[PDB]
Structure formats: C-alpha cells, structure tokens
file input-v1.cif (mmCIF, C-alpha atoms and all ligand atoms)
data_data
#
loop_
_atom_site.label_atom_id
_atom_site.label_comp_id
_atom_site.auth_asym_id
_atom_site.auth_seq_id
_atom_site.Cartn_x
_atom_site.Cartn_y
_atom_site.Cartn_z
CA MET A 1 25.88 -11.54 -8.74
CA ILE A 2 27.34 -8.08 -9.19
CA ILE A 3 25.14 -5.07 -9.93
CA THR A 4 26.33 -3.37 -13.12
CA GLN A 5 23.76 -0.64 -13.73
CA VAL A 6 20.47 0.73 -12.48
CA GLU A 7 17.91 2.66 -14.53
CA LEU A 8 15.33 5.01 -12.99
CA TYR A 9 12.13 6.13 -14.75
CA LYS A 10 9.48 8.77 -14.11
CA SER A 11 6.14 6.96 -14.59
CA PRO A 12 3.15 9.31 -14.46
CA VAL A 13 -0.16 7.72 -15.43
CA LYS A 14 -3.48 9.57 -15.33
CA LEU A 15 -6.43 8.28 -13.30
CA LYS A 16 -9.91 7.86 -14.79
CA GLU A 17 -11.61 9.71 -11.96
CA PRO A 18 -9.73 11.89 -9.50
CA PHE A 19 -8.81 10.06 -6.27
CA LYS A 20 -9.92 11.89 -3.13
CA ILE A 21 -8.95 11.47 0.52
CA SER A 22 -9.21 13.71 3.57
CA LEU A 23 -5.61 14.78 2.92
CA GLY A 24 -6.12 15.86 -0.69
CA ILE A 25 -7.04 15.09 -4.30
CA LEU A 26 -4.93 13.28 -6.92
CA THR A 27 -5.30 13.26 -10.71
CA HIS A 28 -2.23 11.16 -11.51
CA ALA A 29 -0.22 8.32 -10.07
CA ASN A 30 3.26 9.82 -10.24
CA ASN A 31 5.47 6.79 -9.70
CA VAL A 32 9.17 6.05 -10.01
CA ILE A 33 10.37 2.81 -11.59
CA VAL A 34 13.68 1.09 -10.77
CA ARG A 35 15.51 -1.50 -12.87
CA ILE A 36 18.63 -3.18 -11.51
CA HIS A 37 20.93 -5.00 -13.98
CA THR A 38 23.41 -7.70 -13.10
CA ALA A 39 26.57 -8.76 -14.92
CA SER A 40 24.86 -12.09 -15.64
CA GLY A 41 22.23 -10.05 -17.46
CA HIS A 42 19.37 -10.46 -15.00
CA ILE A 43 16.98 -7.59 -14.46
CA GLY A 44 15.05 -6.81 -11.29
CA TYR A 45 12.08 -4.44 -11.20
CA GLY A 46 10.92 -2.21 -8.38
CA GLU A 47 8.34 0.53 -8.30
CA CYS A 48 7.31 3.14 -5.81
CA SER A 49 4.53 5.69 -5.57
CA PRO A 50 5.56 8.81 -3.67
CA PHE A 51 2.74 10.40 -1.72
CA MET A 52 3.80 13.87 -0.56
CA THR A 53 1.53 14.30 2.44
CA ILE A 54 2.51 10.90 3.91
CA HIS A 55 5.89 9.86 2.63
CA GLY A 56 7.25 13.36 2.40
CA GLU A 57 8.67 12.34 -0.94
CA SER A 58 7.58 13.17 -4.49
CA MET A 59 8.23 11.70 -7.89
CA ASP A 60 10.78 14.48 -8.35
CA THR A 61 12.65 13.84 -5.09
CA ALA A 62 12.49 10.06 -5.51
CA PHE A 63 14.05 10.36 -8.95
CA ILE A 64 17.01 12.24 -7.47
CA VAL A 65 17.53 10.34 -4.25
CA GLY A 66 17.27 7.14 -6.26
CA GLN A 67 20.41 8.16 -8.11
CA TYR A 68 22.29 8.65 -4.85
CA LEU A 69 21.23 5.11 -4.01
CA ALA A 70 21.99 3.52 -7.36
CA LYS A 71 25.52 4.96 -7.20
CA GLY A 72 26.19 3.25 -3.90
CA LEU A 73 24.76 -0.04 -5.11
CA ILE A 74 26.82 -0.32 -8.26
CA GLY A 75 29.37 -3.09 -7.76
CA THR A 76 27.64 -4.82 -4.87
CA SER A 77 26.09 -8.28 -4.76
CA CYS A 78 22.36 -8.09 -5.34
CA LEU A 79 21.98 -11.10 -3.06
CA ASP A 80 23.19 -9.29 0.09
CA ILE A 81 19.79 -7.73 0.60
CA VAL A 82 20.37 -6.78 4.24
CA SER A 83 23.85 -5.43 3.59
CA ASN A 84 22.53 -3.31 0.70
CA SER A 85 19.56 -2.02 2.64
CA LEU A 86 22.01 -0.86 5.29
CA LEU A 87 24.22 0.68 2.64
CA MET A 88 21.29 2.77 1.42
CA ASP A 89 20.42 3.84 4.94
CA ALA A 90 24.03 4.97 5.34
CA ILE A 91 23.64 7.10 2.20
CA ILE A 92 20.50 8.93 3.30
CA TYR A 93 18.05 8.84 6.20
CA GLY A 94 14.35 8.18 5.60
CA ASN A 95 13.21 8.23 1.99
CA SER A 96 11.60 4.86 2.55
CA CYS A 97 9.41 5.14 -0.54
CA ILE A 98 12.26 5.24 -3.05
CA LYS A 99 14.30 2.78 -0.93
CA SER A 100 11.42 0.31 -1.14
CA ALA A 101 11.66 0.25 -4.90
CA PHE A 102 15.32 -0.69 -4.72
CA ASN A 103 14.53 -3.23 -2.04
CA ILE A 104 11.74 -4.83 -4.06
CA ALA A 105 13.98 -5.07 -7.10
CA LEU A 106 16.71 -6.73 -5.06
CA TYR A 107 14.27 -9.38 -3.87
CA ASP A 108 13.22 -9.82 -7.44
CA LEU A 109 16.78 -10.69 -8.42
CA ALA A 110 17.14 -12.89 -5.30
CA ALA A 111 13.99 -14.84 -6.09
CA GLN A 112 15.07 -15.16 -9.73
CA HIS A 113 18.41 -16.60 -8.61
CA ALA A 114 16.67 -19.20 -6.46
CA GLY A 115 14.30 -20.08 -9.24
CA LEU A 116 11.26 -19.34 -7.09
CA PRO A 117 8.40 -16.85 -7.23
CA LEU A 118 8.79 -14.12 -4.63
CA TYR A 119 6.11 -15.46 -2.32
CA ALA A 120 7.84 -18.85 -2.15
CA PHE A 121 11.29 -17.29 -1.79
CA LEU A 122 9.92 -15.50 1.26
CA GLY A 123 8.62 -18.76 2.71
CA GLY A 124 4.98 -18.19 1.85
CA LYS A 125 2.44 -20.49 0.24
CA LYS A 126 -0.84 -20.13 -1.64
CA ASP A 127 -3.12 -21.26 1.16
CA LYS A 128 -5.70 -18.46 1.11
CA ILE A 129 -7.77 -16.33 -1.25
CA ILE A 130 -6.63 -12.76 -1.72
CA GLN A 131 -9.60 -10.47 -2.14
CA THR A 132 -9.28 -6.75 -2.62
CA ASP A 133 -11.67 -4.03 -1.61
CA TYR A 134 -12.35 -1.01 -3.76
CA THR A 135 -12.25 2.59 -2.63
CA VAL A 136 -14.93 5.24 -2.60
CA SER A 137 -13.36 8.69 -2.74
CA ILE A 138 -14.39 11.25 -0.14
CA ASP A 139 -16.98 13.47 -1.78
CA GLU A 140 -20.52 14.82 -1.41
CA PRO A 141 -22.62 12.01 0.13
CA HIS A 142 -24.87 11.43 -2.90
CA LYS A 143 -21.85 11.01 -5.15
CA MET A 144 -20.34 8.60 -2.61
CA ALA A 145 -23.44 6.43 -2.47
CA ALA A 146 -23.59 6.35 -6.27
CA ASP A 147 -20.00 5.09 -6.46
CA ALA A 148 -20.62 2.52 -3.75
CA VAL A 149 -23.43 1.22 -5.92
CA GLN A 150 -21.40 1.02 -9.12
CA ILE A 151 -18.73 -0.79 -7.12
CA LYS A 152 -21.20 -3.36 -5.81
CA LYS A 153 -22.55 -3.79 -9.33
CA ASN A 154 -19.05 -4.41 -10.68
CA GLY A 155 -18.96 -7.30 -8.24
CA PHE A 156 -16.66 -6.15 -5.47
CA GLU A 157 -17.59 -7.65 -2.11
CA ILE A 158 -15.64 -5.21 0.08
CA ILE A 159 -15.88 -1.42 0.01
CA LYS A 160 -13.36 0.96 1.55
CA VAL A 161 -14.78 4.40 2.33
CA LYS A 162 -12.69 7.54 2.71
CA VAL A 163 -13.95 9.54 5.64
CA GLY A 164 -12.32 12.33 7.66
CA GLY A 165 -14.70 15.28 7.33
CA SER A 166 -16.94 16.75 10.03
CA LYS A 167 -18.66 14.21 12.31
CA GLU A 168 -22.04 15.23 10.89
CA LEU A 169 -21.00 14.72 7.25
CA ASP A 170 -19.12 11.42 7.69
CA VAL A 171 -22.16 9.86 9.30
CA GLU A 172 -24.44 11.08 6.55
CA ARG A 173 -21.90 9.54 4.18
CA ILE A 174 -21.83 6.06 5.75
CA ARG A 175 -25.61 6.02 6.20
CA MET A 176 -26.43 7.05 2.63
CA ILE A 177 -24.02 4.34 1.47
CA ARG A 178 -25.36 1.67 3.81
CA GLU A 179 -28.96 2.40 2.80
CA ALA A 180 -28.03 2.64 -0.88
CA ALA A 181 -25.94 -0.53 -1.11
CA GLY A 182 -26.88 -2.98 1.60
CA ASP A 183 -25.99 -4.30 5.03
CA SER A 184 -24.46 -7.55 3.86
CA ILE A 185 -21.62 -6.09 1.82
CA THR A 186 -18.64 -5.73 4.15
CA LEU A 187 -17.29 -2.18 4.46
CA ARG A 188 -14.21 -0.58 6.03
CA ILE A 189 -13.38 3.10 6.55
CA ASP A 190 -10.27 5.29 6.40
CA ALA A 191 -9.93 8.79 7.87
CA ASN A 192 -6.35 9.50 6.86
CA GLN A 193 -5.74 11.42 10.08
CA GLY A 194 -8.86 13.52 9.43
CA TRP A 195 -10.47 13.72 12.87
CA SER A 196 -9.43 15.19 16.22
CA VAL A 197 -9.29 12.68 19.08
CA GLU A 198 -12.65 14.13 20.19
CA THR A 199 -14.37 14.04 16.81
CA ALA A 200 -12.99 10.56 16.28
CA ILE A 201 -14.56 8.98 19.33
CA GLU A 202 -17.88 10.72 18.67
CA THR A 203 -18.06 9.77 14.99
CA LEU A 204 -16.89 6.20 15.63
CA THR A 205 -19.66 5.51 18.15
CA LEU A 206 -22.20 7.26 15.93
CA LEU A 207 -21.06 4.88 13.16
CA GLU A 208 -21.04 1.58 15.08
CA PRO A 209 -24.69 0.81 14.20
CA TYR A 210 -23.72 0.69 10.51
CA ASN A 211 -21.49 -2.36 11.15
CA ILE A 212 -18.09 -1.29 9.90
CA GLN A 213 -15.15 -3.70 9.78
CA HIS A 214 -12.33 -1.40 10.88
CA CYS A 215 -11.21 2.21 10.70
CA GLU A 216 -7.80 3.21 9.41
CA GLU A 217 -5.87 6.04 11.02
CA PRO A 218 -8.64 8.11 12.65
CA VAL A 219 -6.36 10.85 13.97
CA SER A 220 -3.02 12.59 13.37
CA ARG A 221 -0.02 10.26 13.28
CA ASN A 222 1.44 12.73 15.77
CA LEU A 223 -1.21 11.79 18.32
CA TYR A 224 -0.69 8.04 18.22
CA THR A 225 -0.49 8.14 22.01
CA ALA A 226 -4.21 8.95 22.05
CA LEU A 227 -4.96 5.80 20.08
CA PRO A 228 -5.26 3.52 23.13
CA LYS A 229 -7.92 5.86 24.53
CA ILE A 230 -9.84 5.70 21.24
CA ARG A 231 -9.48 1.92 20.94
CA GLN A 232 -11.14 1.47 24.33
CA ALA A 233 -13.90 4.04 23.84
CA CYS A 234 -15.08 2.66 20.49
CA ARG A 235 -16.49 -0.68 19.35
CA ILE A 236 -15.28 -0.61 15.74
CA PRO A 237 -11.67 -1.80 15.55
CA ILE A 238 -9.02 0.72 14.60
CA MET A 239 -6.18 0.07 12.18
CA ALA A 240 -2.92 2.03 12.23
CA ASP A 241 -1.72 3.17 8.81
CA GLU A 242 0.37 6.34 8.75
CA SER A 243 1.07 5.67 12.43
CA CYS A 244 2.68 2.35 11.58
CA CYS A 245 5.51 2.72 9.09
CA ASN A 246 8.39 0.53 10.26
CA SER A 247 9.01 -2.24 12.76
CA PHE A 248 9.93 0.20 15.54
CA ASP A 249 6.63 1.98 15.06
CA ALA A 250 4.88 -1.35 15.22
CA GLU A 251 6.53 -2.40 18.50
CA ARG A 252 5.74 0.95 20.07
CA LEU A 253 2.08 0.75 19.07
CA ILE A 254 1.76 -2.78 20.42
CA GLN A 255 3.46 -1.77 23.69
CA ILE A 256 0.81 0.83 24.54
CA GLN A 257 -1.96 -1.26 22.96
CA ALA A 258 -2.78 1.54 20.49
CA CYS A 259 -4.81 -0.38 17.95
CA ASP A 260 -6.42 -3.60 16.83
CA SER A 261 -4.69 -4.06 13.46
CA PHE A 262 -2.04 -2.70 11.08
CA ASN A 263 -2.07 -1.53 7.49
CA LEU A 264 1.22 -2.77 6.06
CA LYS A 265 2.70 -0.99 3.05
CA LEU A 266 6.12 -1.72 1.50
CA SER A 267 6.79 2.01 0.91
CA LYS A 268 6.46 2.82 4.61
CA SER A 269 8.77 0.00 5.72
CA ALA A 270 11.36 0.81 3.00
CA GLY A 271 10.86 -2.55 1.41
CA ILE A 272 10.15 -6.19 2.06
CA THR A 273 13.00 -6.77 4.53
CA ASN A 274 11.48 -4.65 7.30
CA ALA A 275 7.89 -5.47 6.32
CA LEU A 276 8.73 -9.02 7.36
CA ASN A 277 9.56 -7.71 10.85
CA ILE A 278 6.28 -5.86 11.18
CA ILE A 279 4.48 -9.06 10.16
CA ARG A 280 6.34 -11.11 12.81
CA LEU A 281 5.34 -8.64 15.50
CA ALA A 282 1.73 -8.67 14.37
CA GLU A 283 1.83 -12.48 14.59
CA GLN A 284 3.25 -12.55 18.13
CA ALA A 285 0.53 -10.10 19.13
CA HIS A 286 -2.29 -11.90 17.31
CA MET A 287 -3.04 -8.79 15.27
CA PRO A 288 -4.73 -8.98 11.88
CA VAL A 289 -2.78 -7.22 9.12
CA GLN A 290 -4.13 -5.58 5.99
CA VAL A 291 -1.66 -5.20 3.13
CA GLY A 292 -2.14 -2.07 1.06
CA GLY A 293 -0.31 0.60 -0.90
CA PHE A 294 -0.53 4.01 -2.55
CA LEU A 295 -0.80 4.54 -6.31
CA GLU A 296 1.59 1.86 -7.45
CA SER A 297 0.76 0.09 -10.71
CA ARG A 298 0.17 -3.65 -10.74
CA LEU A 299 3.93 -4.11 -10.50
CA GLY A 300 4.10 -2.55 -7.08
CA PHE A 301 1.01 -4.34 -5.91
CA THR A 302 2.39 -7.60 -7.24
CA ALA A 303 5.15 -7.21 -4.71
CA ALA A 304 2.58 -6.52 -2.03
CA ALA A 305 0.61 -9.59 -3.09
CA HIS A 306 3.67 -11.80 -2.85
CA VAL A 307 4.28 -10.54 0.66
CA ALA A 308 0.62 -11.03 1.52
CA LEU A 309 1.12 -14.81 1.21
CA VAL A 310 3.81 -14.89 3.85
CA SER A 311 1.68 -15.18 7.00
CA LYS A 312 -1.83 -16.23 8.02
CA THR A 313 -2.09 -13.11 10.17
CA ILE A 314 -2.45 -11.10 6.96
CA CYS A 315 -6.10 -11.29 5.97
CA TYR A 316 -7.30 -8.00 4.50
CA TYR A 317 -6.19 -6.61 1.16
CA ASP A 318 -6.39 -3.12 -0.40
CA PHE A 319 -4.99 -3.39 -3.96
CA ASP A 320 -7.45 -1.32 -5.93
CA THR A 321 -5.72 1.77 -7.30
CA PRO A 322 -4.24 0.06 -10.36
CA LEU A 323 -7.84 -0.39 -11.56
CA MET A 324 -8.14 3.41 -11.52
CA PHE A 325 -5.44 3.92 -14.16
CA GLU A 326 -6.37 5.15 -17.61
CA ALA A 327 -3.94 2.55 -18.94
CA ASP A 328 -2.12 -0.55 -17.67
CA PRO A 329 1.60 -0.46 -18.54
CA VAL A 330 2.47 -3.60 -16.59
CA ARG A 331 3.45 -6.86 -18.23
CA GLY A 332 2.50 -9.95 -16.22
CA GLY A 333 2.02 -9.50 -12.51
CA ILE A 334 -1.11 -10.10 -10.44
CA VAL A 335 -4.37 -10.55 -12.33
CA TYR A 336 -7.71 -9.24 -11.11
CA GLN A 337 -10.53 -11.77 -11.35
CA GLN A 338 -14.23 -11.37 -10.58
CA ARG A 339 -15.31 -10.42 -7.05
CA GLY A 340 -11.94 -8.69 -6.71
CA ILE A 341 -10.10 -11.96 -6.21
CA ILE A 342 -6.37 -11.61 -6.90
CA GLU A 343 -4.15 -14.25 -8.46
CA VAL A 344 -0.37 -14.18 -7.83
CA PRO A 345 2.27 -15.00 -10.48
CA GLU A 346 4.03 -18.33 -10.05
CA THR A 347 7.02 -17.76 -12.29
CA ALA A 348 10.48 -17.03 -10.82
CA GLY A 349 11.06 -13.59 -9.28
CA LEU A 350 8.60 -10.71 -8.94
CA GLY A 351 6.76 -12.15 -11.91
CA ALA A 352 6.06 -8.75 -13.41
CA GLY A 353 7.67 -6.13 -15.62
CA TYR A 354 6.73 -3.32 -17.96
CA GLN A 355 5.23 -3.46 -21.42
CA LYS A 356 7.65 -3.20 -24.35
CA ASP A 357 8.74 0.35 -25.10
CA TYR A 358 6.41 1.78 -22.52
CA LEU A 359 9.63 2.32 -20.61
CA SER A 360 11.41 3.76 -23.62
CA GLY A 361 8.89 6.61 -23.77
CA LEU A 362 9.60 7.60 -20.18
CA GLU A 363 11.87 10.31 -18.85
CA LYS A 364 14.77 8.26 -17.59
CA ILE A 365 18.27 8.31 -16.20
CA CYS A 366 20.88 5.58 -16.05
CA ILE A 367 23.48 5.07 -13.33
CA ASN A 368 26.73 3.37 -14.20
MG MG B 1 -4.81 4.49 5.36
#

call {"tool": "encode", "arguments": {"input": "input-v1.cif", "output": "structure tokens"}}
result
Amino acid sequence: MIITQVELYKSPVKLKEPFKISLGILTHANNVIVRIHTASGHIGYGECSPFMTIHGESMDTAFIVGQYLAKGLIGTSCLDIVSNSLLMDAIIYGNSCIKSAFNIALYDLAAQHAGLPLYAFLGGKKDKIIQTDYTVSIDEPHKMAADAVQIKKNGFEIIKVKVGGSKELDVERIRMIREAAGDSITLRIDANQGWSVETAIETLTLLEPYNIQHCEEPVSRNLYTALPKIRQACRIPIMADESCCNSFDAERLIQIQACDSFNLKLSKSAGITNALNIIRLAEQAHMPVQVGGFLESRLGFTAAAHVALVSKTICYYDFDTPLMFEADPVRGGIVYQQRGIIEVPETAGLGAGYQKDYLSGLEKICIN
C-alpha cells in the first residue's frame, strides 16, 4: 500500500506539576505527532517526545527532520518496514526519536493491514499483567516523601524515585520516603547519569538497606565501561537506560557484563524494529527488561505497551507521564485502571489516535 502523504504536528501539552530529574526540569511535554496516509485511505499514527539532554533532539528539530523523512517515504510501500527504516537512515544519521514516530506509524499501518492489534502482529500475547510505577520528581526530601505518600494513597504499588544529587541528600531522600510510605511498597530509583563512579558505589551501598528494586543509569553514559565495576561492588541491581539505546549498545553492554537489566524505549531504538533486537538479546542473556519512555502521551505509550507483550523477559513497566498531563488528547489507546494496571487495545493496528479537532488546532505541516 503506497504512502501518499504524511502530516506532522507540534503537540505541546502542559504538565500539572513540573517534572524534575537530575538532568533538569520540564513544564511541558513537547511532542511531535506523525500521521501517514495511504492511497487506500488508511492512516497510521506515531508520536515521539524529544528530550534534549538525552536524545539531542527537540520538538523544533524533530518537526524539521521529520519533513526530510516524510519526503523520502512518499511513494513507498508502508509494509516494507525494514526497507523504509533503512531509507530514513540513509537520509539522516541518528535522530532516533523522530524516526521512531515514523516507525511506529508504519507498524500501525502494517498491523491494520493484517487485521491484528499491534501486540499480536508482533507475535505477542496477553499472558501477563502490565503494571506501571509512578515517578517522584527529584526535589527537597520532605516534598519527595509527601509525593510518595500521595502516590501510595492513589493506589500505585510501585514507586520510581529520581535520585542523582549528592550522596548525603539522595540517602536522606530514600530514607524519608521509606519511613514515610512503608517497606512493603516496591520502589526503584533512577539517577539519570547523576553520580560519579565513586559517588555511585558509595550511595548504592548506603541505600541497600532500604531494599530497592533496581537503579537506572547511575553514571554518565560516557562511562559505561565503569558499569561492570559498579555492578559487582553493589547489591542493588543496575539498569542501563541512556547507556542502552540500540541493539549494538545492548550487545556491547552484555559483552562486558555492564548491568543486570535494560530500560527499553522506542525513541532510543528508533522504533519497534530495532527494539525487537534489543529484546532478543536480553532474552538470550536472561536479562529482565523494563519498558519505559519520555513524555509521550498515551498514544506513544500505547505503542510501548504493545511491544511490552512481546516477550516474557519484559517484566517492569514505566508508563506514568501521560497521567501528568493537564489534558488527555488521545482517543482510544491503553487505559489506566486501579493499582496502575494497564489494559492494551485489542482492535486492529496501534489502537489509538487523537481526539477530533485536537489535531486541527495544532501547528502542522503536510508533506506531499
Ligand atoms: Mg532512566
């Protein structure tokens, strides 16, 4: 089925509370939306959420590069996913974030064509419960404990805590939380490259008593070679996030035994196609995978959720940010139930789209 036009949209939605990590503070989710049209009149949706300090892309750059990409895709068969992913790579290096949106949309169309929901089109099955955590922003420790409480009250059974400050402060943070919210509630932490190799090892051993599930990206992605040293000198398991973007990164990390688990994100792998490779590797190496994201709406996370059902090695889920939006512009897609349990669409394709004339109010361009 030939691709006849693609539309790109700037989708900036404000967050209720500012979102805070060791790398910076965000007030908005500044996403880019992608709609691919076929001659047969099918429409595929993709979304991406550029994060400047990690992707090295922005809503502004994504909106431009996306046009380069659309141009090259016009006239091609939306079913040749691999061919088209290569085509995009030939147009521009990197820019995985925006590429992922195109990729996701292509799979949407592919699943639609097959008359299956994405998860089934990928060979997955609904044989496990998807339960999301919820994220406490890095802040003054009292604030952080307060939030942790509210979160527990709202019924979430898994908390993800943003650390990455001084060793002293991060420990005060986890303690105040643990003593203000309980020892039964499972909690995981994320440094976003915040610590030095030194500070990491010291803080991670000082934190072990508080029973934490795993720690995401404790040090600079540039120092991934120091990960194996940290993995061995620290009980708590460490999960590679920024350090694991594509399948090559994954293989390299496995090779030097850098970490215990991965955090898989479709933006980092430039779409579903390569995410599948990372998953395979994680399987062969008996490594648990957490699927997560950035500030995608429920449309983006619906794609993540479909992919989450592809392999039993995936068993942790971080799909919370859409709940932080002032307003939900998505039509269909994953639904959040109590306890943070996620339910995946069963209709053909992605199983999500955007609310009527939400799109029409957006700054947009259209590639013929
Ligand atoms: Mg992370």

call {"tool": "residues_near_ligand", "arguments": {"input": "input-v1.cif", "ligand": "ligand MG 1 (chain B)", "cutoff": "6 Å", "atoms": "all atoms listed in the file", "output": "PyMOL selection string"}}
result
chain A and resi 190+192+216-217+241

call {"tool": "atom_distance", "arguments": {"input": "input-v1.cif", "atom1": "atom CA of residue 42 of chain A", "atom2": "atom CA of residue 310 of chain A"}}
result
24.8 Å

call {"tool": "residues_around", "arguments": {"input": "input-v1.cif", "residues": "segment 112-127 of chain A", "least_positions_apart": "6", "cutoff": "10 Å", "atoms": "all atoms listed in the file", "output": "ChimeraX atom specification"}}
result
/A:1,42-44,78-79,104,106,272-273,276,302-312,343-351

call {"tool": "residues_around", "arguments": {"input": "input-v1.cif", "residues": "residue 75 of chain A", "least_positions_apart": "5", "cutoff": "9 Å", "atoms": "only C-alpha atoms", "output": "mmCIF file with C-alpha atoms, keeping the file's coordinate frame"}}
result
data_model
loop_
_atom_site.group_PDB
_atom_site.id
_atom_site.type_symbol
_atom_site.label_atom_id
_atom_site.label_comp_id
_atom_site.auth_asym_id
_atom_site.auth_seq_id
_atom_site.Cartn_x
_atom_site.Cartn_y
_atom_site.Cartn_z
ATOM 1 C CA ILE A 2 27.340 -8.080 -9.190
ATOM 2 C CA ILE A 3 25.140 -5.070 -9.930
ATOM 3 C CA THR A 4 26.330 -3.370 -13.120
ATOM 4 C CA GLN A 5 23.760 -0.640 -13.730
#

call {"tool": "atom_distance", "arguments": {"input": "input-v1.cif", "atom1": "atom CA of residue 257 of chain A", "atom2": "atom CA of residue 95 of chain A"}}
result
27.6 Å

call {"tool": "residues_around", "arguments": {"input": "input-v1.cif", "residues": "segment 165-167 of chain A", "least_positions_apart": "4", "cutoff": "8 Å", "atoms": "only C-alpha atoms", "output": "PyMOL selection string"}}
result
chain A and resi 22+171+194-195+199-200+202-203

call {"tool": "residues_around", "arguments": {"input": "input-v1.cif", "residues": "residue 292 of chain A", "least_positions_apart": "5", "cutoff": "10 Å", "atoms": "only C-alpha atoms", "output": "list in words"}}
result
residues 132, 241, 263, 264, 265, 266, 267, 301, 304, 305, 308, 316, 317, 318, 319, 320 and 321 of chain A

call {"tool": "residues_around", "arguments": {"input": "input-v1.cif", "residues": "residue 256 of chain A", "least_positions_apart": "2", "cutoff": "8 Å", "atoms": "all atoms listed in the file", "output": "MDAnalysis selection string"}}
result
chainID A and resid 225 228 252:254 258

call {"tool": "closest_residue", "arguments": {"input": "input-v1.cif", "among": "A:224, A:63, A:25, A:231", "to": "residue 250 of chain A", "atoms": "all atoms listed in the file"}}
result
A:224

call {"tool": "closest_residue", "arguments": {"input": "input-v1.cif", "among": "A:66, A:288, A:50, A:182", "to": "residue 315 of chain A", "atoms": "only C-alpha atoms"}}
result
A:288

call {"tool": "residues_near_point", "arguments": {"input": "input-v1.cif", "point": "(-4.5, -1.1, -10.0)", "cutoff": "9 Å", "atoms": "all atoms listed in the file", "output": "PyMOL selection string"}}
result
chain A and resi 295-299+301+319-325+328+336

call {"tool": "write_last_selection", "arguments": {"input": "input-v1.cif", "atoms": "C-alpha atoms", "output": "CSV table (one decimal), keeping the file's coordinate frame"}}
result
chain,number,residue,atom,x,y,z
A,295,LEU,CA,-0.8,4.5,-6.3
A,296,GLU,CA,1.6,1.9,-7.4
A,297,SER,CA,0.8,0.1,-10.7
A,298,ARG,CA,0.2,-3.6,-10.7
A,299,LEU,CA,3.9,-4.1,-10.5
A,301,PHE,CA,1.0,-4.3,-5.9
A,319,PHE,CA,-5.0,-3.4,-4.0
A,320,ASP,CA,-7.4,-1.3,-5.9
A,321,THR,CA,-5.7,1.8,-7.3
A,322,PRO,CA,-4.2,0.1,-10.4
A,323,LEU,CA,-7.8,-0.4,-11.6
A,324,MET,CA,-8.1,3.4,-11.5
A,325,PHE,CA,-5.4,3.9,-14.2
A,328,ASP,CA,-2.1,-0.6,-17.7
A,336,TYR,CA,-7.7,-9.2,-11.1

call {"tool": "closest_residue", "arguments": {"input": "input-v1.cif", "among": "A:227, A:149, A:36, A:87", "to": "residue 105 of chain A", "atoms": "all atoms listed in the file"}}
result
A:36

call {"tool": "closest_residue", "arguments": {"input": "input-v1.cif", "among": "A:176, A:54, A:219, A:327", "to": "residue 28 of chain A", "atoms": "all atoms listed in the file"}}
result
A:327

call {"tool": "closest_residue", "arguments": {"input": "input-v1.cif", "among": "A:274, A:31, A:355, A:255", "to": "residue 59 of chain A", "atoms": "only C-alpha atoms"}}
result
A:31
